[PDB]
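Reading through the structure tokens given below for one structure.
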Amino acid sequence: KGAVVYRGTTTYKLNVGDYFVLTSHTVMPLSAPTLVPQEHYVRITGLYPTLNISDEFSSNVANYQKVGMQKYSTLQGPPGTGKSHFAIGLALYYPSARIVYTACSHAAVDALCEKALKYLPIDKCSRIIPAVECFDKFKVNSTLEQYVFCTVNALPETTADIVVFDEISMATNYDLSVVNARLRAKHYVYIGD
Amino acid sequence: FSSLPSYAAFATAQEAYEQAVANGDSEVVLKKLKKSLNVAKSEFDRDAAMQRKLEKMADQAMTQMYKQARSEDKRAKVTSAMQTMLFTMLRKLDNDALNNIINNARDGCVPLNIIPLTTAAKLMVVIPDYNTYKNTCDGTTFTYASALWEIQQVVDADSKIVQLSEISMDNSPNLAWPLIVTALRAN
Amino acid sequence: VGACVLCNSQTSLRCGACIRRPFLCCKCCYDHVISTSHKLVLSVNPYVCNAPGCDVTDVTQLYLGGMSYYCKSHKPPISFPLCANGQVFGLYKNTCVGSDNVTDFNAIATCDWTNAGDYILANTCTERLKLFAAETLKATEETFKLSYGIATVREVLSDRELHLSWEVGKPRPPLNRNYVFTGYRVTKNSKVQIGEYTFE
Amino acid sequence: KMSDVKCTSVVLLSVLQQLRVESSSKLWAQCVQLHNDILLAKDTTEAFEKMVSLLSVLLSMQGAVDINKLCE
RNA sequence: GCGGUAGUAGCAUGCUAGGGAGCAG
RNA sequence: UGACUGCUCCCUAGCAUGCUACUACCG
Ligand SMILES: [Zn+2]
Ligand SMILES: [Zn+2]
Ligand SMILES: [Zn+2]
């Protein structure tokens, strides 16, 4: 509501008899839990330690070290406290973990992609196009890729090591179960509060 | 069986029987005692005939329910298998020439016998003898079904790759003879 | 259908709840069933209630019925307990010898191969029992070493330097040459010739 | 005698089939022809010649130990 | 001392189910 | 990889019917 304003980037001409309905989906049974119980590790395992470390974010090295000790972790920060680029700088501090980005909204991925292309490489990153306005210059059907961008609605079965779920406030327990069932990893990272 | 009210009645009847046997009671008391135990046996006969029948009926119903659940599981498995078979055979259709011939139809309907004859990317020829081989699959490329086919592999009934140089008049009896030549569509 | 393990008697009964399914004659198989938790024994067909949707495996609860074995809740009126008269029903139920010495078998069958008592009993028993104990020890070792997942290596590093990880909660395997890894690498479909490696 | 040779042909083709002779299309076709002709034969001379021809197939392979099976 | 009615079990018949097998077109 | 139909035997299980068997209720 601004005779209704549409927040779409594309154009379309309607016709006679066309109607818009609040179309929902069929909620499949939820198998995967929200998160596995945590456990204190003795060493930094599950992620590959590289001999070269990143000095680009000196105030996040300790945070990454502490994340590497906990199974699933979440940092309590106000919006804009490195919330959009914490996982981005994590993917560059340790370029040896399968980093998977996911969000509860399809229109909120533009903020993620705004600086990801400047920080993470564009050639080695791609987005799978299902058969609403996103980049189409990427390469489709890239099952085996270090960095994967996709949405929970059309997320196939895959595995990773570090999964980051931005905007955790608007995601429900059903959304958490869907995230954990579509993508299976031993670590889960939640950004926000 | 072991928790019915008739058990206490039977115990009381046995206690009364023991008391009558020890004391030596009259015939009327013995008859009354028998009329109690014997019709408590009537009550327990029913508890061992209707309840035992209900237990058998419940077991039969549970068995039928197990069979129905297994049948539904088999239905789901067969449905998934058939759906996957259809979906994995549709993906090999090469829908380019398939749409080329379907859209060229009068109403999009074509006979089935022409779809492999027009839109199949691989041709398999089974040849019983060299006399039919030289006529049909001569050389490394041949024409059939108004199209040009180039051989990519020739095998015998033993499924052993046999080279084109081996298909000779004198070398024919040295090969298993239903020769299966597989060719690809030329363009 | 072969000679018994603990009694050297012809038998067609394999203790299903055991690891290597040893051949046991009727009397000794009954002794193993009643003196341990090995309530499952096999035959030409497994001893289990053949009525659909049943989940009883205990020979004590299993009764011979028609052309198959059933349980009290699923038995025909002509019912015949499998394990009775000190022997479980089966072939060679009459041409049987048995053995009073069944305590050692019942003790070794349920052992985790983590105590020195298992080694002492294996070294001090009958030859057939010693061979069975050795076979079950090897089976337990290969099932404990295969009780984990596939160690996945995602990066390649310089020579003689690999960061190999473990599973979630998996203890550290022996780093010496005690275990020689002999796998089979998969290119796309088939697992063949990973090579021979020796972790050090 | 004739029934004897036909039954020997049957068992010989059985052992040939058990030896993966059907993996060779020509050899299996020849064995099948010999076996069917022995069973359709009317005289114990043609049948015995075809029996020798069929047994040559078994003797031609190294999959069967001929000394061990001749226990007499 | 009575007809039992009933009942519930050895015995028989049949109907169904399940398994194994044989012949025929 | 193992078709459709028909007839016949054998074993087991449960259920309908003819008995047989005894205890006592009821007049
Ligand atoms: Zn024994
Ligand atoms: Zn056992
Ligand atoms: Zn049962």
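We name chains A, B, ... by the order of the sequence lines, and we start the count at 1 in each one.
Pair assignment for E:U5: none, as no Watson-Crick or G-U wobble contacts are both less than 3.5 Å. Remark: F:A16 base-pairs with E:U13; criterion is Watson-Crick or G-U wobble with both hydrogen-bond distances under 3.5 Å. Figure legend. F:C25 is base-paired to no nucleotide; pairs are counted as Watson-Crick or G-U wobble with both atom distances under 3.5 Å.
Counting only N and O atoms by type, the side chains of C:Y30 and C:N85 include no donor and acceptor under 3.5 Å apart.
Taking atom CD of residue B:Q14 and atom P of nucleotide F:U23, one finds them 18 Å apart after rounding to whole Å. The nearest whole Å value for the distance from the OH atom in C:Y70 to the P atom in E:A17 is 16 Å. Here the P atom of nucleotide E:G7 and the NZ atom of B:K41 are 15 Å apart, to the nearest Å. Residue B:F44 contributes atom CZ, which lies 16 Å from atom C1' of E:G7 at whole-angstrom precision. What separates CG of B:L54 from P of F:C15 is a distance of 13 Å, to the nearest Å. Protein atom CZ of B:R46 is 7 Å distant from nucleotide atom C1' of E:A6, rounded to whole Å. One can place CG of C:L64 at 16 Å from P of F:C11, the figure rounded to the nearest angstrom. Summarising the geometry, the separation between CD on B:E43 and P on E:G7 is reported as 15 Å, rounded to the nearest angstrom.
Of all the heavy atoms in D:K6 and D:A41, the pair that sits closest is NZ-O, 3.3 Å.
The side chain of C:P76 approaches F:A13 more closely than any other nucleotide in the set F:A13, F:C15, E:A9. The B:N38 side chain lies nearest to F:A24 when the options are E:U8, F:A24, F:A13.
Note on residues 39-66 of chain D: pairs passing salt bridge (charged side-chain N to carboxylate O under 4.0 Å, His left out), not counting sequence neighbours, are D:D37-D:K50.
In terms of position along RNA chain F, the nucleotide closest to C:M67 lies nearer the 5' end than the nucleotide closest to the other residue of the pair C:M67 and B:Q60.
Note: C:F105 and C:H32 have tilted aromatic rings, judged against thresholds of 30 and 60 degrees for the angle between ring planes.
Comparing the P positions of E:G10 and F:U12 gives an interatomic distance of 16 Å, to the nearest angstrom. With P as the reference atom, F:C10 and E:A12 are 15 Å apart, rounded to whole Å. Taking atom P in both F:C9 and E:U13, one finds a spacing of 14 Å when rounded to whole Å. Taking atom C1' in both E:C2 and F:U20, the straight-line distance is 23 Å, to the nearest Å.
Around the CZ atom of C:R128, the shell of radius 6.0 Å holds more than 12 heavy atoms that belong to other residues, nucleotides or ligands.
Under the 5.5 Å centre and 30° plane thresholds, the six-membered base rings of F:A24 and F:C25 are judged to be stacked.
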